[PDB]
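Asker: First the structure, then my questions, so here it is.
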Amino acid sequence: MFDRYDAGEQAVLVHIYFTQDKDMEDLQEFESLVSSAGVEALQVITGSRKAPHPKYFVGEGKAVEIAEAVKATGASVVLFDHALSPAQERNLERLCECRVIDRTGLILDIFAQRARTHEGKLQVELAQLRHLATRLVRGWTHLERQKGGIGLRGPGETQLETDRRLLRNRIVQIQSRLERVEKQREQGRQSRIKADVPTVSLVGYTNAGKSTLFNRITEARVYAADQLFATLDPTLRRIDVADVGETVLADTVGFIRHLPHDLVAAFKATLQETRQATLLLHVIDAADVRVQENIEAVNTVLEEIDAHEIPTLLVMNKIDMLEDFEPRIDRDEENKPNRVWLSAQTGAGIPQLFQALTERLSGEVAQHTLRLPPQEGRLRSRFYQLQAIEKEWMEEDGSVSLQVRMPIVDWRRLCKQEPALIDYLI
RNA sequence: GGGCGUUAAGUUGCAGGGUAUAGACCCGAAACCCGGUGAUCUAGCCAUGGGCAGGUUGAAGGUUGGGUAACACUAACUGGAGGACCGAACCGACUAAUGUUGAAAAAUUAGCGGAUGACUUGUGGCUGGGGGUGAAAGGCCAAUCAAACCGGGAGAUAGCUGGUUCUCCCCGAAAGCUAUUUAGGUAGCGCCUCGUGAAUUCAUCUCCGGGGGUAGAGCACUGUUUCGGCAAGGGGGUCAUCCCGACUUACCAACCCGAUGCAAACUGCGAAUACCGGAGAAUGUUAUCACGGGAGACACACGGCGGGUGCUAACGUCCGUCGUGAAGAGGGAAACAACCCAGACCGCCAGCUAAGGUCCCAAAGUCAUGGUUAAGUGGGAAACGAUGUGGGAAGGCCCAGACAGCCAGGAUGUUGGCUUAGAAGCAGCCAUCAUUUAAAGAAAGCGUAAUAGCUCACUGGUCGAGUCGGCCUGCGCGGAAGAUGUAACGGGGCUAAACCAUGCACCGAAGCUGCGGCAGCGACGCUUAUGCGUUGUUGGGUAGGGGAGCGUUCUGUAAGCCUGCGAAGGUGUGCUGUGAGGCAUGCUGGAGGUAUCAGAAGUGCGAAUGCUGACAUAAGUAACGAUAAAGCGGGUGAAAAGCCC
RNA sequence: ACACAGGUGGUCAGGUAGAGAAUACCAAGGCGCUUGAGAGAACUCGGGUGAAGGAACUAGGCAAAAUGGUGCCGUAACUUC
RNA sequence: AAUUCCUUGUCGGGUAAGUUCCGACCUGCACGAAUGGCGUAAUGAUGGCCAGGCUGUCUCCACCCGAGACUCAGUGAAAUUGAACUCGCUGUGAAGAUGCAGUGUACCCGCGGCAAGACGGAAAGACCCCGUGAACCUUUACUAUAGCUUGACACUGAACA
RNA sequence: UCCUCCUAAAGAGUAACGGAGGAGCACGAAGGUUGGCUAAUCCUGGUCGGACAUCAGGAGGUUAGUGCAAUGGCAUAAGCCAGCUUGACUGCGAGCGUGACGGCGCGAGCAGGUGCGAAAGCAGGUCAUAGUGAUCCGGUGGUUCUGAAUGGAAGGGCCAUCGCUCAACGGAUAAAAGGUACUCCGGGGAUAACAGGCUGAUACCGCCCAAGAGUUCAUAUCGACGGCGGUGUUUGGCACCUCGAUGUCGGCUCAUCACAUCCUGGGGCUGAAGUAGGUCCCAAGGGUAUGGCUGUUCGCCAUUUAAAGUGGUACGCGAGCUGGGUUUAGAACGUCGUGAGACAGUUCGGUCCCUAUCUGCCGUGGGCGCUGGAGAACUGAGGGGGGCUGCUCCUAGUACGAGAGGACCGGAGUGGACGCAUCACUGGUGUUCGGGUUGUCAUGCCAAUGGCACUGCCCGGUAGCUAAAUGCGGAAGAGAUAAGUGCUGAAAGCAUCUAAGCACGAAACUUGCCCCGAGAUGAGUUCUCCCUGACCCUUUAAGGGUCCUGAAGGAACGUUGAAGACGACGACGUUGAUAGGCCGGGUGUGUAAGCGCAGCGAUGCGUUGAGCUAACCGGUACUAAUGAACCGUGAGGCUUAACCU
Ligand SMILES: Nc1nc2c(ncn2[C@@H]2O[C@H](COP(=O)(O)OP(=O)(O)NP(=O)(O)O)[C@@H](O)[C@H]2O)c(=O)[nH]1
Ligand SMILES: [Mg+2]
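Take the first sequence: its letter number 113 is residue 113 in PDB author numbering, and every next letter is one higher.
Written out as structure tokens, the structure is:
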């Protein structure tokens, strides 16, 4: 059952930050959820100061209120922030008329309205599938009432347990198709076997400007806007680097607090690039007070997806609003998990980003000042051919001095192929 | 006036068609209720007697002292308690397994609980059916218990299931509408049948006299639509004198203009066919309608057409409308109710045809001629792919010689400027001209770090007729994988035995045709119940209606007649009719059977898980009753594993 | 329903070993259970023994294997003592 | 949790492996005090679970001993059956073919062995539905009444006041 | 229930849990009548006045207007205003419409009195259809109609009218709730639950288009939005098949096919350094995880292996088992119910029947066949089994690669699983082989020996037999092939793997190995061996009969077997080793008996490796296997030409 719940309708919204201990979503970020969802917003019903209930999630009275609010203002749907167990939705339904949805199914709905690549399709509908598989379970009741209550002769196994197995088969089927996929992108990753494989990946919330930095650094077409899901689909484009020249890039989708469980499980394919990635570049916003939290938000999922062992590089993007500083190097240490001073739409901070990077990935800077007598056209050749002369200075009788800095694999492919009696490089 | 009437042959039999009340054809329910029988099984209770081996624990208590004023404390010693243990007798059933047509309508074997107690048992007693009983389960109440057994109102009713017996000729349904405590029922009418009546009653064909709003078509309207319009109002705008306001709308969107379609519930149009009245001919047994006597039938399926629905599915449902089936046999599509052809009164070792076929199974063309197919297409299929091959129109090039290959040239500006280590025909970038010449691009591909080679585009020459395509089009390939065995022509097998067209022969059904019978039916003549005579015509059939019968048994008829020199009964035998049947005669029989025409019926059986009586069948199989075994010598004895010693 | 493996009350209690009216073996006393004989196949029944391993089997240690006795030694949580 | 749906919730203990279990945890889908709650000595032919032991349970089974199976003799059964000359493959078809089609194979006839089929036997589907079938209970279905409750009047008199 | 529109097929009429919708009244005027008026919407102008009120002027032609659904209706308006009015009367109805009926609709004219207009003439409810109830039993009112001895009266009818959501609307009655798991009765495939059957929306597999990513790149690999197919497995519908019974999930024995490929096998490309992969193609030969957890299939987890392939097969397999889940009665919890009661909410407990006729299956038989008869040896017509593979070194640290890392092929080894076969080894096993010993019994007693107690308990072991033991086995090479790679080579001057014609090419194909195998009804080969007698009548492919012959060979019985269920199949039957014996050896138990002698004794010491000894090896005619008899024969059918006479 790949079915979609629509985004873009009138809704009684109910939310309660006002729970007292877990807390979460001041509302406004949830409103953004609502926004990029395209929901027809109506009103913001809100309850009080409660621990969550075995009842109707929130309190009795407030529940009755949202019910009436629906019945009067005519909301197309009771949107209801913060997740619940299915029966909770059930009892809530008894007091209403319309579809209810937790934070989850919202996020899936919008997610699916965003799907464009077939990969995104499968992992989405997968997350949709695993999610709905739970919730269906109480719904036997009607189906049972029409069934007669005894007379299961033939089958031993009960129905709907049947349906349970159905959706299990769906599940395995979906992932089954997912298999050849991760294998696919992996065949793309065999190229990551070549020893010369820089491999960055970006991370942050949605509207962490990820699209933007990616833009300016790439001179490539990746659209960016206020909305959540401002990007979907990993996106490869190569870039320059002072010490490995080629340098593969691939943008990740932006994050939120408490992104869905099964989402990730479906989403491991897409992030499968992140894991291997040799460096976790991480943009962060500079306008929100949300700062810390978002990092704490991001760290969350990073944990569950491994490779949080990776060296990282923070970029306090959006320095424009703040005039935090002139863009700068910001050695957290000689180690450099550095903060970096950006405003990506201006992107004024870049050169320090690249330079700091230039410090952060290498392993052989013993430079050499190479030289030859009229036999260097081939040298200049190799140097432009592969990476870089650091400096080209011709001199007397065709004797010509140079400086070059390459990673060692070059040094030996060169020392081998060329006579290299020129012998400045090893 | 209008309604009924005015009107104008009935009644008693008798045979019979119904229909009414009764068991109304027979078989069959769960229960309902009344009168009776039980407590020997068990449940409970009552009196009265019995049963409970062996072992072990040790309360209370007692006795003696520590101990302390004493108490507490406490020694032992005895003392013998108890829904107590351990385990036989007796009780009881937890686990396995056999056995489950078993040895036994709950046993068997091995393991288990109680076992001096709310125990167990002898023997008698009392409680009874809507009642008893209940350590209560809805369990027991003679193995039967959510209300016993057993006799009677009892043929309880049964709108369901079953089945309902001899023969020919005639006719032929329906599976619908309305209503239905109705949906598998039944009733009124539709349809069949019979009997009576009467319009030339009707049906086809034509001709005339009609009506119309679907198909189609169409865009005013109805709503929809696309794009130009067009102005267009307008939130802007616009500007500025602040603004008089001008101006701008360059967005905005009507209204109307032009052209585009779209429609079950839009229509300024509007067919066929049907419907409907008149007219006429021929043709059909008045085919019509009215009436009276009887029905069943009320659930239809598929096919062609018109639809709804569905998924423009289903052997799907639901209507329309029509065909076969049902209730129709033949032939063909291999096998085929629902397709094509054709409605079997019966015979005939005659004939011709139908659809459909004709190299063999296998009936007939190895038919004629013309054209295509290269695949076994035929003999399973698409979007789609392509120097497959047939066909076609037209178009391009060319004997001033093209097309293919082949001889050679490939140019100067100028390595274009920019880029840059280097770019320059080929890192780019943008310019990319001008020249020469038949010829050559600042460039189509390779190459170089880059530079410089390498090939065509370009052409001369060469060579000598055709050459390059798009379009249309028949017929073919690619796409194209299934379950147990070739299995997607019936097979053999095909290269014509495929396929396209034309023609001739022939096969091929019960249809038709000749020959021969039989039967209705009308018919006019004949004739009178007559008979005929002639002729036309007809004769597949379940529900169901109608006509004729066959046969048994009794009664009349018979004190007839048949029979002992063989009646009835069995089993032969031939003779005979359209038939059920008769008739003849050998075998047994050893006693009775009934022409003829009447009379009446328990009157005709293959079926009901019919019912009794005889006998098949598994099979000469499984088994023969506890796995506590016998061996022997002698005895009688028709015989000795059994018995006698 | 039977010469059926079921049930049926009360009396009697020999030895030898052992607590014993169990078991073990015999007294007195009955009994060889009304079809056999041959043969030594699967399979079933009822059993006897296993190398290695030791519950991996299996719904589940089901079955089966596995402990017994006498005396002396010593005997936890917890205990309503 | 004998309570939970969700749910193999979370948590750690036990396991190489933990849908059970054990103990916490507390968003108790939908615990709660006589409709008794919380504990607990001992008690269980009680529910779940672990460890020691042994073990043909098994991994895989092997021979031995018994009684049936076999043959021989005597006896002498049943269940069931439209009729038998009662092959496969593949079609076909009241839609799962021994019986048709076309095709393939195959002397005549027992014995013991195996149980896929012969929609094999056994009993009128208990499931499901139908029927103006029945029974039994149920309660604020109706409609009746027993027992019960009020009141009259009679057996019922007397006086006063 | 009733009304309008579509479905509806140009008339009616026509259905669906098909498409839209209205209705249970309103009015004494919204009615009778004559007299007059005629629409919305639109432009200009104009006080508040405005987009939009009122007024003028035009425009325009009912797009307005109908008491409300809708559709047809509508200018002589029906719509509108106003006067007059009760025709919203009264008894009658030519004759029509649609109804099965009940019943419903229109109707002129007339009778009797109205009412309007001058008159013509207009009025028996409204523009039209929707606006509602039969029956009974009663009420109110009238009543020139009855009234039970007569006179009244009560009562009834006659006529007027009233009493209903009887709305499940043709209305079972004044009066009408649930539960069954305790179950029941008669039916049903006329309708569910299982499975098939049909179909493929769904699911599932390809296929086209190429938006894109895939570091540049659309097509190594992915493929967006979209399309056509295929499979007939998943979920569904469809209810034709079964309810006079087809047993249902999981496991457990057991396989069987497909190929839509899990490995191994062969190839194309690669984003193929090699290592490896990824896809694609070709391939069905074989092979393809034990455990934990839960009834599970799954799924998850731990560790493996080359691989842990898919799916079909009544979701293969209950007349083979299993009975944990599934669904009964017991009970409990939460929860819903006032309840009895239920719940797919969970927990406890809970009976698997069939001795095999047919089929087909596995063995193994007897009859007859094969042209006189045997006896042994055959050939191969056909059939089956057989098919896995790791891991190590050698090639060689080589080709590869900067390194790391590490090959191709060839060859050597050495295993897992599986199959085949023998006991010699290792053992297993051993109820007949020996010894130990508790209980007791008996043997007169005695130390001595037997009986019983699971074989009494135990101890080892021959033989037989068996894996756990041990050898052997799956090829090689040919033949013809796939996919692919080729040569040459034209049709088309060039091309070109193809048209011609050669070269390749794999666990698959056919052989190559083993087993089977003339019932191979085509009934075959070679070799051996045997019978070569007379007479009689009938029909003469023919005998028949006499008589006389009986052969090789067959058996029949018996001795027995490593042969065997029985059969069969061996070995032997006195010219003999087949058995049992018997003799020896061998074999294991472990040194006996009796006696001797140290010890009071239990016992011992020496007599002594003792005796004891199967299933065995070597030996031996002691017993048994005797001989007649019995089956079978007596010389071999015609044709046909060959060669010989
Ligand atoms: N002031 C400011 N605005 C910024 C900055 N970076 C991005 N933005 C704006 O914030 C929005 C970020 O869009 P986006 O890049 O898509 O955010 P994202 O984090 O990439 N989301 P996603 O990864 O889903 O695309 C855009 O409007 C972007 O221009 C920044 O550094 N400063
Ligand atoms: Mg981004």
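Ideal Cβ positions, reconstructed from N, Cα and C, are used throughout, including at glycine.
(1) Taking the alpha-carbon positions, what's the residue 428 to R238 distance?
(2) In the structure shown, what three-state DSSP assignment does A269 receive?
(3) Look at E392 and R380 and say whether their C-beta atoms are less than 8 Å apart.
(4) According to DSSP, what are the bridge partners of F80?
(5) For my contact list, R371 and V400 are in at a C-beta cut-off of 8 Å; report their separation, rounded to the angstrom.
(6) Is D81 near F2, with beta carbons less than 8 Å apart?
(7) Mind pulling the alpha helix (DSSP H) runs of 4 or more residues that sit fully within the stretch 331–369?
(8) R339 and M321 - do their beta-carbons sit closer together than 8 Å?
(9) Under the three-state reduction of DSSP, which class applies to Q20: helix, strand or coil?
(10) What are the uninterrupted segments assigned as alpha helix (DSSP H) that are 4 or more residues long and contained completely in the stretch 91–141, given in chain order?
(11) Touch check for the stretch 299–307 and the stretch 382–398: three-plus C-beta pairs under 8 Å?
(12) Between the C-alpha atoms of residue 431 and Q355, what's the straight-line distance to the nearest angstrom?
(13) Going by DSSP, which residues form a beta bridge with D240?
(14) Tell me where the alpha helix (DSSP H) around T212 begins and ends.
(15) Can you give me the C-alpha to C-alpha distance between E359 and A388, rounded to a whole angstrom?
(16) Quick check: is any heavy atom of ligand 2 less than 7 Å from the C-beta of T117?
(17) Is it buried or exposed for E376, if we count other Cβ within 10 angstroms and need 16 for buried?
(18) Starting from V404, trace the beta strand (DSSP E) in both directions and tell me its first and last residue.
(19) Following a CB-centred definition, is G347 positioned closer than 7 Å to any heavy atom of ligand 2?
(20) Tell me the DSSP secondary structure of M394 in three-state form.
(21) Answer yes or no: the CB of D243 versus the heavy atoms of ligand 2, is any distance below 7 Å?
(22) Assess contact between the stretch 234–252 and the stretch 153–165, defined as three or more Cβ pairs (one per stretch) separated by less than 8 Å. Is contact present?
(23) Below 8 Å, can you find three or more Cβ-Cβ pairs linking the stretch 119–131 to the stretch 255–266?
(24) Taking three-plus beta-carbon pairs below 8 Å as touching, is the stretch 92–112 in contact with the stretch 216–225?
(25) Between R331 and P52, what straight-line distance do the alpha-carbon atoms span, to the nearest angstrom?
(26) Thinking C-beta only, is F229 closer than 8 Å to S85?
(27) Output yes or no for whether 8 Å exceeds the beta carbon distance between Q113 and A7.
Answerer: Walking through what the data contain:
(1) Given a span of 1 to 426 for the chain in the structure shown, any question on residue 428 remains unanswerable.
(2) Numbered from 1 along the first sequence, position 269 holds the residue referred to as residue 269. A269 falls in the helix class under three-state DSSP.
(3) For the purposes of this step, residue 392 is taken as residue 392 along the first sequence, with counting starting at 1. For the purposes of this step, residue 380 is taken as residue 380 along the first sequence, with counting starting at 1. It is a contact, given that the beta carbons lie within the stated cut-off.
(4) Here residue 80 refers to the residue found at position 80 when the first sequence is read from its first residue. Per DSSP, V14.
(5) As a first step, residue 371 must be located in the first sequence, where it is residue number 371. As a first step, residue 400 must be located in the first sequence, where it is residue number 400. Yes, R371 and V400 are in contact; Cβ-Cβ is about 6 Å, under 8 Å.
(6) Within the first sequence, numbered from 1, the residue matching residue 81 stands at position 81. Within the first sequence, numbered from 1, the residue matching residue 2 stands at position 2. Going by C-beta atoms, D81 is not nearer than 8 Å to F2.
(7) 350–360
(8) In the first sequence, residue 321 corresponds to position 321, counting from 1. In the first sequence, residue 339 corresponds to position 339, counting from 1. No, Cβ-Cβ distance for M321 and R339 is not below 8 Å.
(9) In the first sequence, residue 20 corresponds to position 20, counting from 1. It is coil, neither helix nor strand.
(10) 103–113, 118–135
(11) no
(12) No answer is possible for residue 431: the residues shown for the chain start at 1 and end at 426.
(13) Position 240 of the first sequence, counted from the first residue, corresponds to residue 240. Paired residue(s): none; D240 is not in a bridge.
(14) Within the first sequence, numbered from 1, the residue matching residue 212 stands at position 212. Segment 210–218, the alpha helix (DSSP H) holding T212.
(15) Against the first sequence, residue 359 aligns to sequence position 359. Against the first sequence, residue 388 aligns to sequence position 388. Rounded to the nearest angstrom, the two C-alpha atoms are 17 Å apart.
(16) Locating residue 117 in the first sequence gives position 117, counting from the first residue. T117: no, Cβ never under 7 Å from ligand 2.
(17) For the purposes of this step, residue 376 is identified with residue 376 of the first sequence, where counting begins at 1. The residue in question, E376, is buried, as its Cβ has 16 or more Cβ neighbours within 10 Å.
(18) On the first sequence, position 404 is the one that residue 404 refers to. From DSSP, the beta strand (DSSP E) with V404 extends over 400–404.
(19) Position 347 of the first sequence holds residue 347. False, no ligand heavy atom lies under 7 Å from that Cβ.
(20) One-based indexing of the first sequence puts residue 394 at position 394. Reduced to three states, the DSSP call for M394 is strand.
(21) Within the first sequence, residue 243 is the residue found at index 243, counting from 1. No, the beta carbon of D243 sits no closer than 7 Å to any heavy atom of ligand 2.
(22) no
(23) yes
(24) no
(25) Taking the first residue of the first sequence as 1, we reach residue 331 at position 331. Taking the first residue of the first sequence as 1, we reach residue 52 at position 52. Going by the C-alpha atoms only, they are around 45 Å apart.
(26) Here residue 85 refers to the residue found at position 85 of the first sequence. Here residue 229 refers to the residue found at position 229 of the first sequence. No, Cβ-Cβ distance for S85 and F229 is not below 8 Å.
(27) What you label residue 113 is simply residue 113 of the first sequence in a count that begins at 1. What you label residue 7 is simply residue 7 of the first sequence in a count that begins at 1. Yes, Cβ-Cβ distance for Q113 and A7 is below 8 Å.
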